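> This structure is in C-alpha coordinates; I'll ask about it shortly.
In PDB author numbering, the protein residues as written are -1 to 46.
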(Lines of atoms letter the chains of each structure in order from A and count residues from 1; the text may use other names and numbers.)
(Lines give C-alpha, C1' and ligand atoms only; values in the text may rest on other atoms or scores of the structure.)
Protein backbone atom coordinates (compact mmCIF):
# COMPACT_ATOMS: atom_id res chain seq x y z
CA UNK A 1 0.00 0.00 0.00
CA UNK A 2 1.10 3.56 -0.16
CA UNK A 3 2.97 3.19 3.26
CA UNK A 4 5.23 0.61 1.53
CA UNK A 5 8.96 1.41 1.24
CA UNK A 6 8.60 0.12 -2.30
CA UNK A 7 6.10 2.89 -3.02
CA UNK A 8 8.63 5.48 -1.80
CA UNK A 9 11.40 3.89 -3.91
CA UNK A 10 9.17 4.48 -6.95
CA UNK A 11 8.76 8.14 -5.95
CA UNK A 12 12.54 8.37 -5.65
CA UNK A 13 12.99 7.04 -9.21
CA UNK A 14 10.49 9.65 -10.44
CA UNK A 15 12.63 12.31 -8.74
CA UNK A 16 15.77 11.01 -10.42
CA UNK A 17 13.94 11.03 -13.76
CA UNK A 18 12.94 14.66 -13.27
CA UNK A 19 16.45 15.66 -12.26
CA UNK A 20 17.90 13.92 -15.33
CA UNK A 21 15.34 15.61 -17.62
CA UNK A 22 16.39 18.97 -16.12
CA UNK A 23 19.89 18.36 -17.62
CA UNK A 24 18.68 16.95 -20.90
CA UNK A 25 19.99 13.46 -19.99
CA UNK A 26 17.70 11.63 -22.31
CA UNK A 27 19.61 8.29 -22.48
CA UNK A 28 19.52 8.00 -18.71
CA UNK A 29 15.89 9.11 -18.49
CA UNK A 30 14.77 6.40 -20.90
CA UNK A 31 16.63 3.73 -18.92
CA UNK A 32 15.27 5.00 -15.60
CA UNK A 33 11.74 4.97 -17.01
CA UNK A 34 12.09 1.23 -17.65
CA UNK A 35 13.38 0.76 -14.09
CA UNK A 36 10.51 2.90 -12.73
CA UNK A 37 7.98 0.77 -14.57
CA UNK A 38 9.55 -2.49 -13.42
CA UNK A 39 9.29 -1.43 -9.77
CA UNK A 40 5.73 -0.21 -10.34
CA UNK A 41 4.76 -3.55 -11.77
CA UNK A 42 6.27 -5.35 -8.77
CA UNK A 43 4.43 -2.97 -6.46
CA UNK A 44 1.04 -3.39 -8.12
CA UNK A 45 1.36 -7.19 -8.53
CA UNK A 46 2.72 -8.19 -5.15
CA UNK A 47 0.10 -8.26 -2.41
CA UNK A 48 0.18 -5.49 0.21
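Beta carbons: idealized from backbone N, C-alpha and C, even for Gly.
When you compare only the Cα positions, how much space is there between residue 46 and residue 35?
Approximately 18 Å between the Cα atoms of the pair.
> Keeping to the same chain, check which residues put their C-beta closer than 8 Å to that of residue 127; ignore five residues upstream and five downstream.
In the structure as shown, the chain begins at -1 and stops at 46. Residue 127 is therefore absent and cannot be evaluated.
> If you follow the alpha helix (DSSP H) that residue 44 is in, where does it begin and where does it stop?
No alpha helix (DSSP H) contains residue 44, which DSSP labels as neither H nor E.
> Tell me the DSSP secondary structure of residue 13 in three-state form.
Residue 13: helix per DSSP, three-state reduction.
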